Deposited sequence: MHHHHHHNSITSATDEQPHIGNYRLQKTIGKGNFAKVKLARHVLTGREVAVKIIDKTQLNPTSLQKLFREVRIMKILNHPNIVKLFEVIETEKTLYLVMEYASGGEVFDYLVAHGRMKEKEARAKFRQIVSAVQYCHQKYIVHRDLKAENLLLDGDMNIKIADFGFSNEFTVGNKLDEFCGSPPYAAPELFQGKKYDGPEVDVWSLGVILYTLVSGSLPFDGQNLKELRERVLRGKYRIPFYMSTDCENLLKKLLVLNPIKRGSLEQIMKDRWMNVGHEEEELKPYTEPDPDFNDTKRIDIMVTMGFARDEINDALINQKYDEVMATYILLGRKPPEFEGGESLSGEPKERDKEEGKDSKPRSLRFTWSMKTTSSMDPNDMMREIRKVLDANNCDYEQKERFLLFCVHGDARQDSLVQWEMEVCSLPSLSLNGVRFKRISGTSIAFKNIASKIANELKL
């Protein structure tokens, strides 16, 4: 029986991977929603267990509105639990699944938040090294929420790193060569791969094998589409520079023309951390009435070890759940390809038939939600995802929400697109 861990009631899985799985949960004392990353302690070798100490250490010190925040760390002998901020809006590549290549003015809104977060990290001498699409999540307001610092580490001027941990398509060419790197320049490369992909719909480098992907990456030439602005193409000449010394630093990037069109007054400036507010008396007096002793509270916030007591206090300064006095009414990136007037239960009968024809297996979980799976794990093509029928802000219109649980974004986009093209609603 595992419905609970610590003070949390665990819910569905919202993320899965080779060595970690994430579940949505509700804190039982304060009602807030969280994501719980479940790391199995028995399958770690010397290197992965040094990454996990680096991961919890680094998340303890980042405090930025577009970086997933840590709430509590709970340990057992064989399992480690990181309780963190739940990003309920999906991932930034959902725009490309739903709508294809993004408009530069919309890509700029997210890329300003991504660069703000990533440069805030580089200002605290932290490099992410896994800035790939799967790690750019969105909250309920579609704000960027950068996640999974598992491959992350600190850097110091004068010292160099040698690990290669991130995804090959987003990896700077120094990594492909086994070359000792300085750090923050491999994220600046990797952000150029992200921006090229959001405004063009596909990755800048790709081959049908790693040797071809490596060769294309090292030559550093990508396709300039007809619809791409000079401004955007001049910025990628600052991100995708083959020589790491010649690549801009994100401080310069912030002052690039393309990142500030539409923002002439408010230019993108380095984010300055707020001041630590570990003495909010309203939240302390709420905790004492929930059964915590004032001294235990004060000590826990001075010791800063992300235990039960510190977790309740952080969670209290998050928006409470709304007071309580059939498809869901949700705000998601709907598309006219999947919007319809048809009765939702016949919408699911249609969704289930199309899944069968493209050899997708699924399991019904709620009245309007399926968990779907397609591909073969040998071909790096296995992908799992949710499909839910949700209402839109009108009278009888409903859509189909796709959310990836597992698998590559590339493979998710292929299978989700093909289902959406063939839904007849």
Open item on the list: What are the C-alpha gaps when you align the coordinates back onto the deposited sequence?
Closed with: 1-15, 341-359
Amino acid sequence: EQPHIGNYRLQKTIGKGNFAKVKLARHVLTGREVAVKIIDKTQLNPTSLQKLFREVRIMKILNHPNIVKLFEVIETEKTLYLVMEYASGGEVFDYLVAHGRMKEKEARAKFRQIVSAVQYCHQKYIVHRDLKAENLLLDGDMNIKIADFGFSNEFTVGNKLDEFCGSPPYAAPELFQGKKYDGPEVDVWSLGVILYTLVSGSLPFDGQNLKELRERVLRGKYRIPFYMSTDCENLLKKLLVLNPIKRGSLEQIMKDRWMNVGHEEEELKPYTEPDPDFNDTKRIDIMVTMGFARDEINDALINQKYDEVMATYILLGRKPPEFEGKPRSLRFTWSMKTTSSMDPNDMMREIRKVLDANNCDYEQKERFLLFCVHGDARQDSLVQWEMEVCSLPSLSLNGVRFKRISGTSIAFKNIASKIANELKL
From here on, numbers count along this sequence of modelled residues.
Open item on the list: Please compare 23-31 with 353-361 and say which has the higher mean C-alpha temperature factor in the record.
Closed with: 353-361
TODO: Compare the mean C-alpha B-factor of 372-380 with that of 64-72 as given in the PDB entry, and name the stretch with the higher value.
DONE: 372-380
Task: Highest recorded Cα temperature factor - choice among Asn135, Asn345, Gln304, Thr79 - done: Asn345
Open item on the list: I'd like to know which of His99, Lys145, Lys105, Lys179 has the highest C-alpha temperature factor in the PDB entry.
Closed with: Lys179
TODO: Sort the modelled residues of this chain by their C-alpha B factor and say whether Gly407 lands in the lowest, middle or highest third.
DONE: lowest
Open item on the list: When the deposited Cα B-factors of this chain's modelled residues are ordered and cut into thirds, is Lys319 in the lowest, the middle or the highest one?
Closed with: lowest
Task: Ranked against its chain, the third holding the CA B-factor of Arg367 - done: highest
Task: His122 CA temperature factor, ranked by third within the chain - done: middle
TODO: Classify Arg223 as lowest, middle or highest third according to the C-alpha B-factor given in the PDB entry, relative to its own chain.
DONE: middle
